[PDB]
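Everything below concerns the one structure shown next.
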Amino acid sequence: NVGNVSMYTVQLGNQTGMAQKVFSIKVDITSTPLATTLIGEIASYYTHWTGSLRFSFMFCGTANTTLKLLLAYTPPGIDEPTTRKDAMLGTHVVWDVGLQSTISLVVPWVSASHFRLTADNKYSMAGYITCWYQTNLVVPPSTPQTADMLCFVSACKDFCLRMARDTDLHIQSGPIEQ
Amino acid sequence: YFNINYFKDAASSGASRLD
Amino acid sequence: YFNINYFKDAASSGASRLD
Amino acid sequence: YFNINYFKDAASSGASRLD
Amino acid sequence: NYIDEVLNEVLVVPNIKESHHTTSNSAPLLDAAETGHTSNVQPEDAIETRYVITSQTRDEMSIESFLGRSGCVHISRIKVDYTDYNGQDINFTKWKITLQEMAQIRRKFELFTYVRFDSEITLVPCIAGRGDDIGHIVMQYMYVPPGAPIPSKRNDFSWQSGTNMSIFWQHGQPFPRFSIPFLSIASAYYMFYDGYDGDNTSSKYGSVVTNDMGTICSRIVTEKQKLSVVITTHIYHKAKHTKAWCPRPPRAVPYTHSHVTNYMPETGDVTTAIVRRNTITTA
Amino acid sequence: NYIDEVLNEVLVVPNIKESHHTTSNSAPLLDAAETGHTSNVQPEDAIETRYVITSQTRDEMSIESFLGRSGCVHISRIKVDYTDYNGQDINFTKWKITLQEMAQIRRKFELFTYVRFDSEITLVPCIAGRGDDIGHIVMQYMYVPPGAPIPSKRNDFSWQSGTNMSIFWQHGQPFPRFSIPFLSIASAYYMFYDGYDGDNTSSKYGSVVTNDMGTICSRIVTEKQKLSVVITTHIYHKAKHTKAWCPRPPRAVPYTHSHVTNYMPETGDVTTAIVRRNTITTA
Amino acid sequence: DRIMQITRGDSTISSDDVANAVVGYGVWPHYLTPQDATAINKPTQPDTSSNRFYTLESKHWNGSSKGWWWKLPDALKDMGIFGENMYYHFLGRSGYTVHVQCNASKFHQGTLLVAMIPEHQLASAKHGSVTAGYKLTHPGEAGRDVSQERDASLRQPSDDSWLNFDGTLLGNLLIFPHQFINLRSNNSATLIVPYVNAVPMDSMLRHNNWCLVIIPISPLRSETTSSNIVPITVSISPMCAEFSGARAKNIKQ
Amino acid sequence: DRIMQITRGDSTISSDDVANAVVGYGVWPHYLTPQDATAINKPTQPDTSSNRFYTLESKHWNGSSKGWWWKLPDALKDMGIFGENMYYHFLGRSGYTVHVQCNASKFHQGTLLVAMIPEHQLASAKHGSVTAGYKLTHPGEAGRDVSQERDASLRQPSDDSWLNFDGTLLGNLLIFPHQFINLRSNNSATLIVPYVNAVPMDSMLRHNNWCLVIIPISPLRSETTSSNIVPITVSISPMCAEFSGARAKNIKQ
Ligand SMILES: Cc1cc(CCCOc2c(Cl)cc(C3=NCCO3)cc2Cl)on1
Ligand SMILES: Cc1cc(CCCOc2c(Cl)cc(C3=NCCO3)cc2Cl)on1
């Protein structure tokens, strides 16, 4: 998927079971999949980061289609949750897919140290965010039953960086010619 | 200590300011 | 002679004062 | 910073002015 | 100003107010990102926030502390010769102005479409002794704008610099540095371009049709010495009093060649920083 | 201020007044130290004192003249090689930020739980000639914060410092010095800690989970020389604009290793400065 | 406008479609007053950390579904903090917010009746004077019925719906605070409810004040693949929780 | 006058005899300010139900006793409410009150040194760079040492007292907030202590801010029947507890 575009879409499926899980990523903004992102790509130019962050999701589904996902931010402290109940217990947002289309999930800033390190560090572990089905994806007749959701991340006015340093995400195992 | 553009030209000066 | 923070940043300065 | 003809003689001075 | 500038508290970020619950109609968390705009949602909106008076400056997040840092952009080299001194194209360096000629920093700008600035140039000559004594090796750097007599070889007539700039550095005396006005016939330096030389299906196309600013012909003035040497004069560059227009997505593919975008590696599959996951389900 | 500051009479100690005898009830000499507090008794209380106008300042007894003094905290060494230049992990040093890495001064701080400060860093390169001529040996120090490309070996791409700090010193030109903001994500430097990496019964515990600030990858820019050398660049450190919280009992056992308290010597019984007496009766 | 937003803890819920909201007996839940009070100790009032948006276990809406109930003081006997404070204290008092989510498509047809009920003394399924058992009116997140099977040895309630489980023609049930979920207009149902009880603070363990019922009235009818499952999810938020009569700790059951 | 009365929860403690009380660094414990703060969420502040007078496990004072310590953020990892809120939240912040009771008669002779210590990084008993283990600096109500025996396989701290366990001549320990219990005047020891740490709210699990030590200085000496046991009992009260960074729940260990 990765060398292609798809590498960007997340198809919301069938799900025979119920209350099943979609995906997860970890918040440490310098961690693939995050990293490469206009933000990540950047942050990787500084040693320390801080503030809240914003995750936005969009339904590239259908019109007649319907769904309800539950997204959650599991602060640093434990393990990325295996189950929904366990994750619903912390910070989250139920998302009702409808005429709108975009739900934006905020990632409050929870930390001990006013500031976190941009570099992988067990200490400065920001946590995980995950997504699960609240209900389902119901589609009336003759509509596809899988559809995609795009996801994004922009900053919050909270946000701020420091201690400039040279990037991670780019090794010029060159040189460069003429 | 500052604003003492010891040199004539403007191209020569410290990192600008912020505003 | 003093208080002539020849450098911009504050981290760069003499040993502080006393009070 | 300027007009500080550190040297006595006039022949010694910066590039003149413009007017 | 001082305090604010010395304490570096010029650009401060707002604080996070206190919130209460909302069992109300308007849902700020819902917007349609298709509008191409960006959401405006905050902590205070989504949760029951507290009250934190902030104190983080976005000072170091300024195109001047992002850009205004010296970087190797060229490493002039001279493996002297004593056998043939002078001769054509020897013991004197010349190099075309630019960058794209070297990553890390090239990378950095490229983050924007247009750019403008005056620069803090510093020459870091390093004299490697390949002999039993290096003597007194004087040096002459200078700038050859277009169209100008570029030294054919070591002692042309162009090293008289009757009207050119030549900086001189003699072993001991510190690093030569100096600076410079923004050199472009244009209101800004074109860090990109979607133009060509002409209609000639063999014309040039890139950052480059627009950057014929120079070159540098070098020289080790001292004459013939006994014990050999090799000089490596490093060229660092700093952007002071910079402006930038229309940001761009950073680069994720290791380039090759300058004044071009071309990535297509020699055989190797195009590689990028993205890492692979077993499953989306666990991070 | 001046006089008081030039004459160094800022913090002066009180004088010893005059006393007379006391055949009275309240006995100041009697207090119960179990209260954990400290007695408040003075000369004037216990004896028939005179009158001495003092003139001793407690200026030099300030966390800034106690702390604000340069101290060797590291001795970078480079036994050059000309045989293999570059190669992996050579002719360039890297070292992790710290102290605990060296007594006398380590000792000194440790006198307090928390500490905060900006620092006066000075590099004292010393070039030992193992050859018949050392030439011109240029040098590059620089700072590699986390997470950053740390030179694999001598000429990486990281020595371009397009956005990093690299100080350059060439034989003759004086000692490089400079300074620095207080680098911590925390409001103060944790000179101790009673925390761990995690619940992993294999997690880290100490001053250290909280001090991932760097490292220093070094470099002798000049290229290949003929006659060998060995460079020893000493790293001194000074604390300017310091604050300290919650004092602690000094250390009496020679440590081992840093970022740890561990004393338990290799076999030898734990030794301390206390001396032995034959008898309490005679001193 | 139908859209609604609700924020209770560190938690928020949204709904791009709704049928107003309802306040039980037109009273908004709040904290106890030194007038109606009785106890003498200073109540612990976990704010936010407690009275937040807990979501239970989800359920399936069948063409064979018959109905399912949850008893509130009890549904969160495990929900962190609230549900600990419950067990550590004798007196507990609190009001709630019930967010009932159940979507499907505009090509679906179904109707759910949702209702809360003060003192819902259920009836046993067996004739006699034997009252329903503890352990069975104390299900938990999981709720009860579904249309399930069980031991008749247990002093088991009435799985019987139409009689209201209490033997009152369901349909008069509309007297209790309620609303429906008509899949053709609705998406959810939102009940908000103060603390109703002849006593200022009751036993969070022995007594369940509020009882909630959801009953399929018009059976779910699609024309889709029965691969399309249309859950029913309940979310709850203690509000103005107040506790007191601190001590050891009861025990799970 | 020596008598003292202290009231913290639903709990109160009395002492017909005492050596004043001590406030650590002369600062009284209180709640976090929107200035020094950093987090963004509204902290849960259990009042009373949490910051109350919990008493630990008691101990014996021997003529062979050597000393025993308890680490505070940790000693109440089980103490109801506080110790749950600990596990449910990432950030925790709180100050304490330490009531150390140890009576015997006026015919007894003994001396206990009590002290609290900010960041008490203990040393391992074994030479090297191996730091004490988690699981052993996380004893619980029970505390550590006594003068006990244990596996040397465990990255075990120094049971070593005179060096302060950190290798600082005990006796300079008087620099940390303290007092003694001289059985001839004293009865208890009362330490009160604010929240000290370079961060506004730390991890109640990974980091123990306060560490408390009690060390027999002059050995207990009676002339009675060794049927006469003279315990040492510690009681503690979180004060101005504040929590935040709500979520699932950690796990016991
Ligand atoms: C793009 C782009 C980058 C630049 C900068 C031009 C190169 O700048 C230099 C000049 Cl004009 C002269 C010298 C120089 N003269 C003598 C020694 O070095 C060095 C630099 Cl980097 O212009 N467009
Ligand atoms: C504890 C503790 C001590 C310090 C100080 C950090 C080390 O400081 C230095 C840095 Cl950041 C850079 C350099 C340095 N850069 C190039 C040469 O030396 C030297 C020092 Cl001592 O931080 N926490």
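Because the Cβ atoms are built from the backbone with ideal geometry, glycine has one as well, and the counts that use them run over all protein chains shown. A short reminder: the numbers here are calculations on the coordinates, not readings from a lab.
Structural remarks
- Scope the range H:178-197; condition part of a strand (DSSP E or B), surrounded by fewer than 23 Cβ atoms within 10 Å (Cβ to Cβ) and among the hydrophobic types (A, V, I, L, M, F, W, C); matching residues: H:192
- Only listed residue being closer than 19 Å to residue F:77 by Cα, within 15 Å of ligand 2 (Cβ to nearest atom) and of a type in the set (A, V, I, L, M, F, W, C), chosen from F:185, F:231: F:231
- Any strands (runs of 3 or more DSSP E) falling wholly within the range F:72-177 and containing at least 2 residues that are over 28 Å from residue F:255 (Cα atoms) and either within 16 Å of ligand 1 (Cβ to nearest atom) or within 10 Å of another protein chain (Cβ to nearest Cβ) (or both): F:139-143, F:166-169
- The range F:130-144 residues that are hydroxyl-bearing (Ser, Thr, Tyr), paired with ones that are in a loop (DSSP other than H, G, I, E, B) and within 16 Å of ligand 1 (Cβ to nearest atom) (beta carbon under 8 Å, 6 or more apart): none
- Applying the criterion of being touching a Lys or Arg at 6+ places or on another chain (Cβ under 7 Å) and assigned to a loop (DSSP other than H, G, I, E, B) to the residues of the range E:188-220, the residue that is nearest to ligand 1 (Cβ to nearest atom) is E:214.
- Conditions (1) outside any loop (DSSP other than H, G, I, E, B); (2) near ligand 1 (Cβ under 10 Å from one of its atoms); number of the one not met by residue E:183: (1)
- Test for residue H:38: is it away from chain G (no Cβ under 11 Å), over 20 Å from residue G:83 (Cα atoms), in contact with a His (Cβ under 7 Å, 6 or more places away or on another chain) and of a type outside the set (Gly, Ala, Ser): yes
- Pairs, first more than 13 Å from chain E (Cβ to nearest Cβ) in the range A:14-33, second basic (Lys, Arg) and crowded, with 19+ Cβ neighbours inside 10 Å, C-beta under 7 Å, six or more apart: A:19/A:84
- Qualifying residue in the range H:198-215 (condition: in a loop (DSSP other than H, G, I, E, B), away from chain A (no Cβ under 14 Å) and out of contact with any helix residue (DSSP H, G or I) (no Cβ under 7 Å at 6 or more places or on another chain)): no
- In the range H:15-30, the residues that are assigned to a loop (DSSP other than H, G, I, E, B) form Cβ pairs under 6 Å with partners that are aliphatic (A, V, I, L, M), at six or more places apart or across chains, as follows: H:16/H:3; H:18/H:4; H:29/H:239.
- Among residues of the range F:93-109, those that are more than 10 Å from ligand 2 (Cβ to nearest atom) and either in contact with an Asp or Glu (Cβ under 9 Å, 6 or more places away or on another chain) or within 30 Å of residue E:7 (Cβ to Cβ) (or both), counted: 2
- Residue match in the range A:84-95 (condition: farther than 30 Å from residue H:205 by Cβ, in contact with a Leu (Cβ under 6 Å, 6 or more places away or on another chain) and among the aromatic types (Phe, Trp, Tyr)): yes
- Check on residue A:120, among the acidic types (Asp, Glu), more than 10 Å from chain G (Cβ to nearest Cβ) and surrounded by 23 or more Cβ atoms within 10 Å (Cβ to Cβ): no
- Here the condition is being under 22 Å from the mean Cα position of the chain (by Cα) and in contact (Cβ under 8 Å) with a residue 60 or more places away in the chain; of H:5, H:45, it holds for H:45 alone.
- Selection status of residue G:56, away from chain H (no Cβ under 14 Å) and over 18 Å from the mean Cα position of the chain (by Cα): no
- Restricting the range E:1-39 to residues that are in a helix (DSSP H, G or I) and away from chain A (no Cβ under 12 Å) leaves a set whose member that is farthest from residue H:43 (Cα to Cα) is E:2.
- Test: residue in the range A:116-125 that is part of a loop (DSSP other than H, G, I, E, B) and within 25 Å of residue G:228 (Cβ to Cβ): no
- Members of the range H:162-177 found to be on the phi < 0 side of the Ramachandran plot and either surrounded by 24 or more Cβ atoms within 10 Å (Cβ to Cβ) or part of a loop (DSSP other than H, G, I, E, B) (or both), listed by number: H:162, H:163, H:166, H:168, H:169, H:170, H:172, H:176, H:177
- Hey, residue F:203 more than 12 Å from ligand 2 (Cβ to nearest atom), among the small types (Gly, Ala, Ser) and either farther than 30 Å from residue E:123 by Cβ or surrounded by fewer than 20 Cβ atoms within 10 Å (Cβ to Cβ) (or both) or not: yes
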